[PDB]
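Undergrad: Sharing an experimental structure here, sequence included.
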Amino acid sequence: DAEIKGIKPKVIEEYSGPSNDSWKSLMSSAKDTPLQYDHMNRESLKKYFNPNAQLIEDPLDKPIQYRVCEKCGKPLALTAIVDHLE
Amino acid sequence: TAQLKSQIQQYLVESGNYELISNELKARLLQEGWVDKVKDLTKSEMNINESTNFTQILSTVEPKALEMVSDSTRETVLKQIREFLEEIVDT
Amino acid sequence: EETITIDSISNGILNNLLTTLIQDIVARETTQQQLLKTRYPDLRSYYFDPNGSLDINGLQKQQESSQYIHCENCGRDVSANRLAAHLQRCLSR
Amino acid sequence: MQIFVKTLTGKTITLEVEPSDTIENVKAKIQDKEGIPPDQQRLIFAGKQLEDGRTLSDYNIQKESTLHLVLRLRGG
Amino acid sequence: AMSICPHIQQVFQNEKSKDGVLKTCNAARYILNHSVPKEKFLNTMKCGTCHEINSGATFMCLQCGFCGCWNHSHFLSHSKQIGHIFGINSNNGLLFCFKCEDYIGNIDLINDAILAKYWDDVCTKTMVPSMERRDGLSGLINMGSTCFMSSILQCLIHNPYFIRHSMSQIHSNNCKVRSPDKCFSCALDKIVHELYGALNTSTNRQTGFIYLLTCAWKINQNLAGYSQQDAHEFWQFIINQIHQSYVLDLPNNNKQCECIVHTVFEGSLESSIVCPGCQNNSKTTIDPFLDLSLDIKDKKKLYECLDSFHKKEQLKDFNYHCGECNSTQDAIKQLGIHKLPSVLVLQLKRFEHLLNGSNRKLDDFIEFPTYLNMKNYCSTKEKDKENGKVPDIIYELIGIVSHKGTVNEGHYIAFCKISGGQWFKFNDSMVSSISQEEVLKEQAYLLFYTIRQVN
Ligand SMILES: [Zn+2]
Ligand SMILES: [Zn+2]
Ligand SMILES: [Zn+2]
Ligand SMILES: [Zn+2]
Ligand SMILES: [Zn+2]
Ligand SMILES: [Zn+2]
Ligand SMILES: [Zn+2]
Ligand SMILES: [Zn+2]
């Protein structure tokens, strides 16, 4: 409701033109980091869900992703197509 | 200067509080049905305008979606942001 | 040079969060619909009947007991609404 | 040992049982308390209905475990 | 006649340029899936020009390292100024053309870019879903009294975890029996084949269902469809059969089962026994669950029924000696959730037993939400700046089974929600569109909820 003057000096102490950073700077860390979810918090999943729980984030975001085998007509998940035989 | 906004946001992220705000906002909007209303609004605008062009569809959806935010969610989330802001700015 | 306040900056933070989310949601909708329309030029909506009578293809409930099933176990045609009864007498031995 | 049964109303009752006690026996004890015949009872633990002829130990039912009692809603 | 972005089409006329694009798309998306939240905010959602976080969508440049916002047109300026017309939205991995002012959503290679190395083979072996089968919508004809079976099967078939399991060929690859007339999981995969694809090569799309009926008759004739039965009993029966087929297909002190049932539907209850005087204690027992059965009498809302489930009770028939006060007490018992499942299945106890030995159905309406927050039912709290708090844990309603009739005779129907929010009603052979407002007025017997947000 009143007028702001600055940012507390202790916050700057330990927190803080065109940027020079690169989004690709994240690859190194990303290679070593387990799968993350946007809105399923990792620590809460450890506490409240089983360690072997299957998890699909936003399972109804889009329709089921699949293709159909030309030979046998089976619906195949995209990760199952290469290995699929008759 | 307008470096202030970016400064404040960086602090909110480093402190963990940006996540708390972002996550609580998302949860509120989801539970009150706003997320799905905005999806329905978007499908409707695509049908009315016979277009899937993101820029033109957004121009009609966004203003309306912002108006659709419940007063309850707006004031609860603002209250929370202001508490985290009153932590680290002098006024 | 408009005055900056906890209320103003907070409103800006909320506006940043809400417009991002809206933009995410809308991008997901428009990309999906673009795909469906490209994939399925003749795409039609599932039929909706306010009267609660027609199916998603705009058809009425088929007449049973008009339908039959060819039983792979014994080679006879069986009325579809009696297949379970038939299997009790057919799958045994 | 004591185990529990969360009854139709949600009220929990206690049974005195052995690990070797059969499901029939357990259902008889529930009938004595709740008045529901055994053939009308469905007793659920860990996602399974408990079957006559089996024992409590077959289902890993231990001291102070809770069984969930329901009836059947038939439809065609 | 829907068009494709000609700017990306132009790029794709050169194979190494195409590969460069897909490689970068794969990398950006990998980063987005493998970055902790603070890192993601600071390095993919921070505008390189104004330095704001979440100034609308933030775009990661396809050709350089720059990130640019939407609200202040800052990526748009990078495209005009550096000539980089392509950026990836850091919230969703989608590729924007700033010349079209549109996302590129209708190029299959880009959408499934992780398979770029094998794309040629993917197109020769496979086709996109047929329009009519894409959502797997199809009716299961009444074969006698089979509504208690088909209502459950529709909920299974429209369950995203089961869907993904079946289409990923997990069962097919390891099944030791490989006959849909004996193996329940084979029969289920056949139903999925029929509903989403095409069996080589009116009664349509009932083959898998007939196989299922045939499997059922061999294992339990009472639940195989001739007679009226309980949908909940059939649900538990089928998930047990899926589990049993997993165990059979194993080639082989390892307590948690790893099958699709036990990694999706299983949670645990914490049952506490506490002294009413000391209120400290407690003797805690952990019991697995695949579903929860809730009392409904004198209640009007699902949260009230969960509140009742979770309410403390003072036991009057339990022998209990407290060790902190060294005396006999009537113990306080409470059920809470120790671990939640990915898919939470709820049964409303729509029946009561009368003194004449008859039972009666409870037809009372119980309001149930489109999104269910389970935080108030979880036993263990996290730290919070005093007792602690459980964070929001929200599920999305995706399936309902309702019963019309009396305790001993009636009819079951299923309602399922698919992507986009449309609900369908599955009444034996008839599949129909229904509004959400109308679905929410149904007398729910079974409810199926999938995990959506965990704070
Ligand atoms: Zn094939
Ligand atoms: Zn036959
Ligand atoms: Zn373009
Ligand atoms: Zn910017
Ligand atoms: Zn660039
Ligand atoms: Zn099999
Ligand atoms: Zn299992
Ligand atoms: Zn005591």
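TA: Perfect, thanks for sending it. Residues are numbered from 1 along each chain as shown, chains lettered A, B, ... in the order given. Ligands and ions are numbered 1, 2, ... in the order given.
Undergrad: all strands for chain B, in order.
TA: For chain B, the strands defined by DSSP state E occupy B:89-90.
Undergrad: Return the residues of it in contact with ligand 6.
TA: For chain B, no residue is in contact with ligand 6 (C-beta under 5 Å from the ion). Placement of C-beta: from N, CA and C, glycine included.
Undergrad: Which residue would be the closest one in chain B to chain A?
TA: Residue nearest to chain A within chain B (C-beta to the nearest C-beta): residue B:88, separated by 4.4 Å.
Undergrad: Please report how far that residue lies from ligand 8.
TA: 47 Å (C-beta to the ion, to the nearest Å).
Undergrad: can you count the residues close to that residue?
TA: For residue B:88, the neighbour count with other C-beta atoms under 10 Å in any protein chain shown is 18.
Undergrad: The closest residue to it other than its chain neighbours: which element?
TA: Residue nearest to residue B:88 in three dimensions, not counting chain neighbours: residue A:11, with 4.4 Å by C-beta to C-beta, 6 or more residues apart in numbering or on different chains. Assigned by DSSP states H and E, residue A:11 falls within helix A:9-14.
Undergrad: show me the contacts for residue E:354.
TA: Contacts for residue E:354 (C-beta atoms under 8 Å, 6 or more residues apart in numbering or on different chains) come out as residue E:360.
Undergrad: actually residue E:116, not the one I typed
TA: Residue E:116 touches E:19, E:22-23, E:26, E:109, counting by C-beta under 8 Å, 6+ apart.
Undergrad: try 6 Å this time
TA: Applying C-beta atoms under 6 Å, 6 or more residues apart in numbering or on different chains to residue E:116 gives the contacts residue E:22.
Undergrad: Phi first, then psi, for it.
TA: Main-chain dihedrals, residue E:116, degrees, to the nearest 10: phi -50, psi -40.
Undergrad: now residue E:371
TA: Backbone torsions for residue E:371, taken as degrees, to the nearest 10, come to phi -130, psi 130.
Undergrad: Could you give the number of residues near it?
TA: Around residue E:371 there are 18 residues (other C-beta under 10 Å).
Undergrad: Could you check how far the residue of the stretch 151-300 of chain E found nearest chain D is from ligand 4?
TA: Nearest residue of the stretch 151-300 of chain E to chain D, counting by C-beta to the nearest C-beta: residue E:290, 2.7 Å away. According to C-beta to the ion, residue E:290 stands 49 Å off from ligand 4.
Undergrad: do the same with residue D:69
TA: Remark: distance between residue D:69 and ligand 4 (C-beta to the ion) = 61 Å.
Undergrad: just residue D:61 next, same as before
TA: Distance, residue D:61 to ligand 4, by C-beta to the ion: 61 Å.
Undergrad: dump the residue contacts of residue E:381.
TA: Residue E:381 makes contact with E:388-390, according to C-beta under 6 Å, 6+ apart.
Undergrad: So for it, what's the nearest residue that isn't a sequence neighbour?
TA: Using C-beta to C-beta, 6+ apart and skipping the chain neighbours, the partner closest in space to residue E:381 is residue E:388 (3.0 Å).
Undergrad: Next, count neighbours for that neighbour.
TA: Counted with other C-beta under 10 Å, residues neighbouring residue E:388 total 9.
Undergrad: Phi first, then psi, for it.
TA: Per degrees, to the nearest 10, the backbone of residue E:388 is at phi 120, psi -180.
Undergrad: Please name every helix or strand in contact with the host helix or strand of residue E:449.
TA: According to DSSP H and E, residue E:449 maps onto strand E:444-454. Applying 3 or more C-beta pairs under 6 Å, 6 or more residues apart in numbering or on different chains; DSSP states H and E, we find strand E:444-454 packed against strand E:343-348, strand E:393-406.
Undergrad: Any idea how many residues pack against the residue nearest to residue B:88?
TA: 18.
Undergrad: Would you check how far apart it and residue B:12 are?
TA: To residue B:12, residue A:11 is 10 Å away according to C-beta to C-beta, to the nearest Å.
Undergrad: Quick one: neighbours of the residue nearest to residue D:11 when sequence neighbours are not counted, just the number.
TA: For residue D:11, ignoring the flanking residues on the chain, the nearest one in space by C-beta to C-beta, 6+ apart is residue E:313 at 7.2 Å. By other C-beta under 10 Å, the residues close to residue E:313 number 16.
Undergrad: And residue E:313, its phi and psi?
TA: Backbone torsions of residue E:313, given as degrees, to the nearest 10, read phi -130, psi 140.
Undergrad: Can you name the residues bridging to it?
TA: Under DSSP bridges, the beta-bridge partners of residue E:313 are residue E:333.
Undergrad: Assess the claim that it and residue E:333 are in contact.
TA: Yes. Residue E:313 is within contact range of residue E:333, at 5.1 Å (criterion: C-beta atoms under 6 Å).
Undergrad: Show me the common contact partners of those two, please.
TA: By C-beta under 6 Å, 6+ apart, residue E:313 and residue E:333 have these common neighbours: residue D:12.
Undergrad: and the closest residue to residue A:8 other than its chain neighbours, what is it in contact with?
TA: Leaving aside its chain neighbours, residue A:8 sits nearest to residue B:88 (5.0 Å; criterion: C-beta to C-beta, 6+ apart). Listed by C-beta under 6 Å, 6+ apart, the contact partners of residue B:88 are A:8, A:11, B:11.
Undergrad: please redo it, this time with the cut-off set to 8 Å
TA: So residue B:88 contacts A:7-8, A:11, B:8, B:11 (C-beta under 8 Å, 6+ apart).
Undergrad: Repeat that for residue E:69.
TA: E:47, E:49-50, E:52, E:55-59, E:75.
Undergrad: again, but for residue E:278
TA: Shown in contact with residue E:278 (C-beta under 8 Å, 6+ apart): E:322, E:324-325.
Undergrad: May I see those organised as CSV, with neighbour count added?
TA: Shown next, in CSV, are the contacts of residue E:278 (neighbours: other C-beta atoms under 10 Å in any protein chain shown):
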residue, neighbour count
E:322, 19
E:324, 11
E:325, 12
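Undergrad: quick one: residue C:79 from chain B, how far?
TA: 42 Å (C-beta to the nearest C-beta, to the nearest Å).
Undergrad: Lovely, talk soon.
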